[PDB]
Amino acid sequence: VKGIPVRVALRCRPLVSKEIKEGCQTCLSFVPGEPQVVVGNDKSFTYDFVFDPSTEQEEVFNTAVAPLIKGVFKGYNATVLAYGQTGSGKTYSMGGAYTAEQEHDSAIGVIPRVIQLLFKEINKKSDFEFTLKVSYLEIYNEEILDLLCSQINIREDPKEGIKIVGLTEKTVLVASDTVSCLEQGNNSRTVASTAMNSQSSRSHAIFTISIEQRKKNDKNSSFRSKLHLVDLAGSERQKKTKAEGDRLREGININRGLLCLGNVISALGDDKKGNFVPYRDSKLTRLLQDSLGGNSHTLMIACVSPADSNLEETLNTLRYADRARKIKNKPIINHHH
């Protein structure tokens, strides 16, 4: 493999209550010390990391995420995005529903952990001054909604890419007020019950931290980068969700967006001169243009259920996760002068 691929961590959660009630057996097995998973006891996939159901939040973060976050201090953009079927563990893994109740709980996921690490590293970079800002949006039924509110349009600037016109941002100072923004946005994120997840995310959420870094003795030059922390909505099937009405139309919109994402992953996984990548098909894929194929170090956390009743869905995630690893990104150092 040449260049800088998208990196992929496969995270299998434990069986959940619904699966135990339905009498499901585990259909995934793991090869200890190797980043491989075997599915339907027949097909094997390899990723950059494989985390079995016993893997704690802290291990997922320290092994797969932390090294990436430390790269922002070199001036890189970075993205972590969670991808998989409804109920698979995206929100859990990302801390997409974190509230202050979870502070100091070992169950906290990626976004609160990132915030802790950023301020730990800032504290050790005494020679530098930092400015952090955050925005937090959801894509809900084809609309971009600002989660830091108690219309927004994409414009593509001809130089330097996508601009989300109307989206607000908060400048943050310390860890506490940074994580408060997560909490604030999570109180607004559209969540509702289906049979597959009592706390299903009905939107794709993107928490973005903008970081500017300047050396104190050389203050004309800085680095300016962005960290995108993405808790996608997940594929769902009406026969399993039992959704009707507004809930069903949410699932339709979600599924349609995730098809557009699959199209982008598939085009990029087989990229070459003159190829076309259909970023423009959805608002989601427009916002992920640098994250997938562009100026970003990117990790996908592909989330799966171990239950045999979800074999088809799990196979789909594994296949797209395998394609994602063939995506080549081009992260540069984001100098500003």
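Don't overthink the numbering: it's just position in the shown sequence, from 1.
Chemist: Please classify the coordinate gap between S150 and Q151 in terms of deposited residues: none, 1 to 3, 4 to 9, or 10 or more.
Modeler: Missing in between: 4 to 9 residues.
Chemist: Which is higher in the entry, the mean Cα B factor of 202 to 210 or that of 186 to 194?
Modeler: Mean CA B-factor is higher for 186 to 194.
Chemist: Report the stretch with the higher mean CA temperature factor, choosing between 165 to 173 and 213 to 221 on the basis of the entry.
Modeler: Taking the mean B-factor of the alpha carbons in each, 213 to 221 is higher.
Chemist: Using the temperature factors in the entry, find which of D48, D52, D270, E59 has the highest value at its Cα atom.
Modeler: Answer, based on the entry's C-alpha B-factors: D270.
Chemist: From the list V39, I301, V277, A66, select the residue with the highest C-alpha B factor recorded in the entry.
Modeler: Within the set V39, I301, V277, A66, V39 shows the top C-alpha B-factor.
Chemist: Would you mind ranking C181 by its C-alpha B-factor against the rest of the chain and naming the third, lowest, middle or highest?
Modeler: Within its chain, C181 is a middle-third residue by C-alpha B-factor, going by the deposited values.
Chemist: Compare the C-alpha B factor of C24 with those of the other modelled residues in its chain, then answer lowest, middle or highest third.
Modeler: For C24, the deposited C-alpha B-factor lands in the highest third.
Chemist: State the tercile, meaning the lowest, middle or highest third, of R155 with respect to the CA B-factors recorded for its chain.
Modeler: For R155, whose C-alpha B-factor we compare with every modelled residue in the chain, the answer is the highest third.
Chemist: Taking the entry's C-alpha B-factors for this chain, is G75 in the lowest, middle or highest third?
Modeler: It falls in the middle third of the chain.
Chemist: Considering only modelled residues of the same chain, in which third does the CA B-factor of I122 rank: lowest, middle or highest?
Modeler: Highest third.
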